[PDB]
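Asker: I would like the atomic coordinates for the input below:
(8 chains, ligands or ions: 14)
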Amino acid sequence: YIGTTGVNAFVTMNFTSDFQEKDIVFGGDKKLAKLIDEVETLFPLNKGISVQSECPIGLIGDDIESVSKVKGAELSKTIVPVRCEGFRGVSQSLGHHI
Amino acid sequence: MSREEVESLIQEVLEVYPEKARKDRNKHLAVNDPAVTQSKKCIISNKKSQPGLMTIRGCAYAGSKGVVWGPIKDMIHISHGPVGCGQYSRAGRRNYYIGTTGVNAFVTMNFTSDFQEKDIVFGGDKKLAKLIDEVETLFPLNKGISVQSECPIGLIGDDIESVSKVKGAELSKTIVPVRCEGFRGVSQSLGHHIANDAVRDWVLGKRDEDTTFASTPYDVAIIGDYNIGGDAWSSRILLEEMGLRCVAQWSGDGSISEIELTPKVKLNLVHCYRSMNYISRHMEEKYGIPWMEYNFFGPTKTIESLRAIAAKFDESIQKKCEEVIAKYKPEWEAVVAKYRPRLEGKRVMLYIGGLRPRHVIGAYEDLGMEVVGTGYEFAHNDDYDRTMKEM
Amino acid sequence: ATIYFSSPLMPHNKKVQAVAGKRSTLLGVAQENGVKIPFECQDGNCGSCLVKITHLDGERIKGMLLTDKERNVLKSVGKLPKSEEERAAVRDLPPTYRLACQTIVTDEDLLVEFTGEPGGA
Amino acid sequence: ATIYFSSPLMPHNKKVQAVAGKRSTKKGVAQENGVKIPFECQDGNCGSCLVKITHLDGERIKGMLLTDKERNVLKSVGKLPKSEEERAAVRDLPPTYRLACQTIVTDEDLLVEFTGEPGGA
Amino acid sequence: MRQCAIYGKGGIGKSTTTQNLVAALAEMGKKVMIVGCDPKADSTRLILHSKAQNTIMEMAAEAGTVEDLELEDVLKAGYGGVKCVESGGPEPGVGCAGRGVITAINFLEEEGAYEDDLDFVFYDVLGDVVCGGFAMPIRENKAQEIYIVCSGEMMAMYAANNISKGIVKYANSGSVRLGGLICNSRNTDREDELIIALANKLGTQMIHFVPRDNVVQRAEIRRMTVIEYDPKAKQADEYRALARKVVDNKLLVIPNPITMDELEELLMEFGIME
Amino acid sequence: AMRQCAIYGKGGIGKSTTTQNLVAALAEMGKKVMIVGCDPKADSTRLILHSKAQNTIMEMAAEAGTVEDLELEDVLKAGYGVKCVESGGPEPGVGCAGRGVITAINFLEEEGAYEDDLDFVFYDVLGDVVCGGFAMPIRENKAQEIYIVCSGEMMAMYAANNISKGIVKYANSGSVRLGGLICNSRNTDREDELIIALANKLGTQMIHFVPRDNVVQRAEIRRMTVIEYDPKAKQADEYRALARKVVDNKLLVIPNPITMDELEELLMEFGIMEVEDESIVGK
Amino acid sequence: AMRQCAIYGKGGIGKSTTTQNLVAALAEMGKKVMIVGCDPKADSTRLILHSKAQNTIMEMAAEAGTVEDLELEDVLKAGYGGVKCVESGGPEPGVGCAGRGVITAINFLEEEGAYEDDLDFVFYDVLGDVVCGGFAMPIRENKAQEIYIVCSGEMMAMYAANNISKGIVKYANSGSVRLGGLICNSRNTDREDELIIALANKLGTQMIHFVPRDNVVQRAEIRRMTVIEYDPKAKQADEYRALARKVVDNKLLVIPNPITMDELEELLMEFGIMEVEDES
Amino acid sequence: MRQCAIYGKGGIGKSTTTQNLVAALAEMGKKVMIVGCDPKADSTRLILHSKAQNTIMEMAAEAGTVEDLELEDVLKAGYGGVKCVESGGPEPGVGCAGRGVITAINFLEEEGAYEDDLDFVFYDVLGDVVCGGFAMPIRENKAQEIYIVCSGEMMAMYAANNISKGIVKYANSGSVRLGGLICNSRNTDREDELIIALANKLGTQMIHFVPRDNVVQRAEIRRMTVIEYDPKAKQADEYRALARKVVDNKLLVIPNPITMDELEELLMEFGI
Ligand SMILES: Nc1ncnc2c1ncn2[C@@H]1O[C@H](COP(=O)(O)OP(=O)(O)O)[C@@H](O)[C@H]1O
Ligand SMILES: Nc1ncnc2c1ncn2[C@@H]1O[C@H](COP(=O)(O)OP(=O)(O)O)[C@@H](O)[C@H]1O
Ligand SMILES: Nc1ncnc2c1ncn2[C@@H]1O[C@H](COP(=O)(O)OP(=O)(O)O)[C@@H](O)[C@H]1O
Ligand SMILES: Nc1ncnc2c1ncn2[C@@H]1O[C@H](COP(=O)(O)OP(=O)(O)O)[C@@H](O)[C@H]1O
Ligand code: ICS
Ligand code: CLF
Ligand code: SF4
Ligand code: SF4
Ligand code: FES
Ligand code: FES
Ligand SMILES: [Mg+2]
Ligand SMILES: [Mg+2]
Ligand SMILES: [Mg+2]
Ligand SMILES: [Mg+2]
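Answerer: Residues are numbered from 1 along each chain as shown, chains lettered A, B, ... in the order given. Ligands and ions are numbered 1, 2, ... in the order given. The structure is reproduced below:
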């Protein structure tokens, strides 16, 4: 890619929620909404956010679609929720479809 | 008497009509046989009026704004469209209310969009939003807004539902769009249906997730009494003397909070079947609240209805019902003693749109009068099923 | 109002948003969205626009008027049982089968099914 | 996700809002809302929870995994045609008939039809 | 109270054969009624003598709707015993063309025109395609007995096959059965035994074989049946023979459809097709 | 580059034979033609493919489950250099007999068969009745030029009048026009003149007169077209003559349908129907 | 108080005759009870109404538009002192689930409110041959609190009794459905009274009154009446009353212990019904 | 190859009649395959000499799924070279009781166990209810010929009427026909003419009458079919006459249902 990493390009960076035991037990969507606000604060030149869900997200029960809709309209920016939990599908192939 | 005479009279009356009008109007005139249980084979109802025959029916706007929604006092009702519809229905129906008009009650007032040519050509949605904003600053104590649409609203293709949703979300206000255009339906009955649907879809299910209301095993809701000259207040005093607690009143002297508190109530007492059977059926299917029809016209019907209502509760309510009947017996005995000899044997013909011809027959018979003719402008075939036994 | 169009002629069911109560009927909404319901008259007598309508939100069913012209055409096509006729006459509740050129959109969610054939098979 | 339940035993079609991707299946959504789909096993081997699924937004159809367990049960009740089995194996697209206890809710609008009878008539 | 239907390709004399059949049954103390289900309303002209009987579809549109229609205005007894109804059809391209039959058949039950004095009811139904209101007799169980008017020409035998296929589909739902075949003759060779070959393979029976005559041409100008014109005609006695076998026909069978080759092979052997 | 064409007429008058022979003649001039069989009989591609019968769209859709999975290559068969398709039909008694036409034309457009790699596209549409499916090509603007096969028969002209009524009904929303009238020899003496008069009443032209030739049967047993069976025969010349004047056709008019009485008086004029009188009615 | 009951068993053993006679006895003691016929052939109300095969809900819902349009009074009739009678009926053979009528009728009774407060007993007569489908629905949906299995000395009736007890234990955790007892209808076969007693002890339940055969039952059936009304002074009339008193006084509602097929074979040879079996 | 199905109420001798039927058929050298479509798995015990043949449904659940199942582990040959298949049902209350038939019949086609030059295929099907997988042979045109085993009892005759109603519904969509009424005796007076009266009401000829005796029960302890136990017995030849009448039956007639009163009048006028 041709970009300035950390300013307008973010390919080689790892943005994560870093779930702990309390996030596994008590919700997890309030942390997601708070995380999106911090991304806007520290990375203002980003042109969109995608939420790539890992295995626990669908297993504990989380509504990342509503957070994407509520925060997307609030900040006037595209938030894409992807339900790409690893246990879904038998390989990487279903990840392409999702 | 003289059934054959009545049939011959019907036949000679029907002779002026053209063939189409005569053929249709023949279906709507009948000689009463109290042994019939199914009216529809004997008589037809709920059909379109023949053009140019001077019908007495109204429109759906009259049945919705003028009948169901208008009596609700703390809401503001907007006649969306030209000025005539709101002007002719202003304070023409005596639904009694307790309040200060223009501050916290708005029953006898006329709020309208007052459509002009540019409204017809370009639309009135922006005008509707501006009007909603103007109403809130002018009347800060209103507890809700309803938008009763007139014919051009549906005829030009306005979106009052989306405007209602947006404005209600913005102002944290209950905004109820009613698509009661006059050309919809053949009479006021479809106006009743549309108003009931609007109540069900925008008002009734609001205090569903709350439980702060302290209920009682004796909770009832009066349904379909519009307080014409204070009728609902007399019915209410009669019910409360019997030991029950009346939570809601639909819709004479009615409030929005009373409508919202109707799901909590144990029993629904429906005075008019025609205008509010829809919401009663909805409440029975959704909240499990049973409902029943009662009659408070005349002493005989009043006593029968009071005993029937008391039969739905424990024995204390029945004892209180007997107490009320014993207390009120001498008054109506004196009334009958004074007035029956003057009225005995007189013959009366009736023509009211739904329920009331059948409803008042008992009161007339309590004074020695007999009803030769009973008639409905908009009743359905179930109302005729109910009225054939009483005639 | 949300309307879902469904037909074996359609590879995928189509979801549209419509304004309720317009003078333009269900035929208007279908034509604006490229849904190919066969319309073969301008007087509402041919019955070729017959569609099967399902109210998905059963709590939000709106009372309507079944006009004498639509009723008679539905009988001539055969898509009007005697119980549905009595239900419309007494309860003002819509029948299962409707004519799209004479159907007014209401504020609810609807599933509209058609076969691409005129009413009457 | 919006789910419309439909059954001859239900007087009215019920509309519910559900969270997509929950480990609790469509069986979970039905049971919270009091929809009486027959559930007669806990291992997913009976056919009792067979339902018919219609994707109302035909454009918003999500690719999923047809589990070998569900595939074999659908074949044991004669509800998986060979063309739909091939479509699931190659295109990862859901078949028309599903088992509710094994169906994961996706982010779309669905119509769920059941008869009150177990799969296999 | 037996109700029959005449099914066949257009142009195979079915309307005339039904009318001369009906005229043959009127004389023998039987009161029958003809219901014209063919879109073109020429199926009751020889009985009524009228130029063109007004169809139910025609007079329902002018009188507003079918509710404003009287039975005495649609049902004319030009012959005293015979009752004639023309269903009519819509204009081409406007809806289903068979929906005229549904309106008329429903209208007759509603007004009770099938009451207490009918021995036979005959439906003259278009047979080129069996769908919509044309398949309505077989689908609704309106006509228990079905007779097919066919010919040596391949399209007529193909039409007879299609009707039998539709009878099989509704055999379980309704009592409707194939009553027999009627072979109307053009002046070609090896016809009667050709249709006998068709009937023998269908599991049904031939009823009669009406030959082409010139007596019918004289009757056309009269707008009358051959029976009422010349009761001494060889064709007129032929129609009595066909009528008498219709009343005294007892076997009613569920047909056996015939494939494309098997129908074709029947044509090649007789030489009708090369 | 594409001239969408349809051929209408009563059942059993020779729509398929004339259409296949004209289409076969067109291929001789280097024209790419596609034949779409819109008749439930499904034999309008027999003489091009030399086959028993082409498999219809309804047959493969049912045997495979749905129309989505249907390969275009399996559906479209190339014989004599001209593509062939058969719509087929549903089982007699259920649905609409013209349902196959609706399904076939819809599938062909989605799959790309209708794209302009062909000079001509022909529809062999049954015209014994004008309803959904059979009138769908006219309604949906899928056949700009209509040619009606008509004989000197009362039923054949009645169907021709009915098809022209369908064309004018949709003449204001589409470009569907009436190309001409094909007369097939019913071995009737006055029939060639009879259809000439009918075309003048309808406002259109007689595009050709096809004589009844027994050489057609000799090609029909072979499952072959007349032009390839016997190119030097004069029947192949008439089919060739019909082909050139079909391409050279420019008179696409909105017809003027005539009434039932005007049809009958036109029959009595040429002697097929006798002169009727009102005083010879009761006897 | 709203004691809901069900009677299960093999087809043709006498469920309907035992149920109607039991119900007739209950009304004689002034008990307001209702019979719901869940058998597909729908003949479990002949001897209470005396008229004919009662019109079923499937027939009434089909002639009308749908179930909700059908009237409660149309299908639920009153006979023999007003004991209410309803027939579920069934669909056409080979179409759908043969127990679909049971699912339809129970839903209609609940929606209307036919389960009024002043009813003491509700009896369901359901074919037990197959447990699955709408015939398991009363057990699965907690419709019937206690179950009584009519059984005889035959191998099939004993096998069907074990199948029904298998259904109860599967749904025992999710509901209050329990086994009430077993009713032995007599074919006059030797050593069957103790055979059904032994099976009940193996299953872990009691045994309700054993009913000897007689031709007085057919005498009252040809006139379309219950035995207890046709003769009140017969011994079978008192025997049916005795079965009814034990039903009201029944209190041992246990979760059964289904036994293995080989155990059924072994327990059949010990009473002489089955000849002893040797593999060689 | 002729595909037949034996329908009837539970407990009238449906299994033993079928076992002795094909025991006689294989004595003629024919190759017959038996498919047990009854949730009770004793439909093949007397031709295999086994306690209980392992059902296909039990084997699939134990060994993962039906894909892992091998044809040899489900198809066992018995006496006379008869191919034996047993398909059990699920446990009571767990789904449709007829799923076993659908799984087994589909499994047999997939492995191609029919094409192996078989002459006769017999389905022993529960007839108490006609629905689900039990009606599957009629629904999917699996069994062209159908024989009902009935006796002079209301339930047995009611079951015969119900199966005939099922034949009519699916007659138009496939060649499934009623072949005859196999009648077994419970030793009741005037039973031969009673069932014949029912048969001619249907219009389908009765196949043969099977009286009751103790010879079949002595064979039952052996687990060996009467024909192979003692070929010289009275009933041993009687199944031979029933088998011969089945292979040489050329008339198949669609049934016409009989109402309740019509059947009741038939039973009453016989003195029962
Ligand atoms: N039995 C017959 N003998 C000679 N000519 C006949 C006979 N029946 C019919 N025709 C002729 O065949 C033609 C077809 O008549 P018609 O019944 O009006 O057509 P369709 O069969 O399409 O209704 C008529 O013109 C009639 O003159
Ligand atoms: N030009 C011709 N000359 C002689 N006979 C013909 C000619 N065209 C068609 N035929 C005959 O007419 C019969 C029907 O023609 P066909 O094309 O099948 O009618 P359709 O228009 O219904 O397809 C065929 O058997 C054929 O032999
Ligand atoms: N207690 C009894 N004594 C003698 N015969 C009886 C008795 N109960 C039932 N039967 C007979 O058994 C037959 C079948 O019984 P029924 O009640 O119809 O069985 P099901 O349980 O299938 O309803 C009836 O014809 C009846 O005459
Ligand atoms: N021909 C016969 N003679 C005497 N008894 C028989 C005869 N056939 C069957 N039986 C008895 O009837 C019972 C029927 O059971 P069976 O045939 O094994 O299963 P199904 O219930 O499928 O018919 C058996 O226990 C057997 O002892
Ligand atoms: S609402 Fe209705 S016309 Fe039920 S529109 Fe009308 S104050 Fe009448 S017979 Mo005026 S259905 Fe009320 C009536 Fe009755 S306004 Fe009043 S009297 S009991
Ligand atoms: S049927 Fe009803 S009352 Fe009539 S208009 Fe229509 S909603 Fe209204 Fe108001 S403004 Fe005047 S009176 Fe009418 S003509 Fe235009
Ligand atoms: S069903 Fe038949 S008559 Fe009706 S439109 Fe279709 S082709 Fe025409
Ligand atoms: S579940 Fe039981 S009753 Fe229902 S169809 Fe299946 S086997 Fe028959
Ligand atoms: S388009 Fe003709 S009725 Fe609607
Ligand atoms: S409940 Fe058994 S598979 Fe779903
Ligand atoms: Mg004609
Ligand atoms: Mg052709
Ligand atoms: Mg019973
Ligand atoms: Mg057995």
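
Asker: What is the burial count for residue A:47?
Answerer: Residues near residue A:47, counting by other C-beta atoms under 10 Å in any protein chain shown, number 7. No exception for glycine: its C-beta is placed from N, CA and C like everyone else's.

Asker: what's near enough to touch residue A:71?
Answerer: A:33, A:36-37, A:79 (C-beta atoms under 8 Å, 6 or more residues apart in numbering or on different chains).

Asker: let's see 10 Å
Answerer: Contacts for residue A:71 (C-beta atoms under 10 Å, 6 or more residues apart in numbering or on different chains) come out as A:32-37, A:40, A:49, A:77, A:79.

Asker: Where does it sit, in terms of helix or strand?
Answerer: Per DSSP states H and E, residue A:71 falls inside helix A:64-75.

Asker: Export whichever helix or strand comes after that helix to CSV, keeping only CA atoms.
Answerer: Next in sequence after helix A:64-75, counting helices and strands by DSSP H and E, comes strand A:79-82. Taking Å, rounded to 0.1, in the frame of the first residue of the first chain, the C-alpha atoms of strand A:79-82 are listed here in CSV:
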residue,chain,number,x,y,z
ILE,A,79,-19.2,1.3,10.4
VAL,A,80,-19.2,-2.2,8.9
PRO,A,81,-20.0,-5.1,11.2
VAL,A,82,-18.6,-8.4,10.1
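
Asker: Strand A:79-82 pairs with which strands, parallel or anti?
Answerer: When sheet partners are counted by DSSP bridges, strand A:79-82 sits next to strand A:49-52 (parallel).

Asker: residue ranges of the strands in the stretch 151-274 of chain E, please?
Answerer: Counting by DSSP state E, counting those that start in this stretch, the stretch 151-274 of chain E has these strands, from start to end: E:177-184, E:206-210.

Asker: quick one, which of the ones you listed is packed in tightest?
Answerer: Ranked by mean neighbour count under mean count of other C-beta atoms under 10 Å in any protein chain shown, these are led by strand E:177-184, which reaches a mean of 24.

Asker: For ligand 7, tell me whether the strand or helix carrying residue E:100 is touching it.
Answerer: Assigned by DSSP H and E, residue E:100 belongs to helix E:99-111. No: with C-beta under 6 Å from any ligand atom as the criterion, ligand 7 is not reached by helix E:99-111; the gap is at least 7.3 Å.

Asker: Going by neighbour count, which residues in that helix are buried?
Answerer: Within helix E:99-111, the residues scored as buried using 16 or more other C-beta atoms under 10 Å in any protein chain shown are E:99-108.

Asker: Going by distance to ligand 9, which of those residues wins?
Answerer: Distance to ligand 9, by C-beta to the nearest ligand atom, is smallest for residue E:99 among the buried residues of helix E:99-111, at 10.8 Å.

Asker: Would you mind measuring from the nearest residue to that closest one once chain neighbours are set aside to residue F:129?
Answerer: By the measure of C-beta to C-beta, 6 or more residues apart in numbering or on different chains, the closest residue to residue E:99 outside its immediate chain neighbours is residue C:120, 4.3 Å from it. Per C-beta to C-beta, to the nearest Å, residue C:120 is found 13 Å from residue F:129.

Asker: Is the residue nearest to residue E:99 in a helix, a strand, or coil?
Answerer: Secondary structure, DSSP: H, G, I helix; E, B strand; the rest coil: residue C:120 is coil.

Asker: Look up the residues forming beta bridges with residue 5.
Answerer: Because you didn't say which chain, this covers chain A. The partner residues for residue A:5, given DSSP bridges, come to residue A:9.

Asker: let's do chain E instead
Answerer: For residue E:5, the residues forming beta bridges with it (DSSP bridges) are residue E:123, residue E:146.

Asker: May I have the residues that are in contact with the residue sitting furthest away from the middle of chain C?
Answerer: Centroid-distance maximum for chain C: residue C:11 at 20.6 Å, with C-alpha atoms, centre = their mean. By C-beta under 10 Å, 6+ apart, the contact set of residue C:11 is D:58, F:66-68, F:106, F:110.

Asker: Looking at the stretch 1-150 of chain E, which residue is nearest chain F?
Answerer: For the stretch 1-150 of chain E and chain F, the shortest gap (C-beta to the nearest C-beta) falls at residue E:92, measuring 3.6 Å.

Asker: Disregarding flanking residues, what is the spatial nearest neighbour of that residue?
Answerer: Excluding the flanking residues, the one nearest residue E:92 by C-beta to C-beta, 6+ apart is residue F:130, at 3.6 Å.
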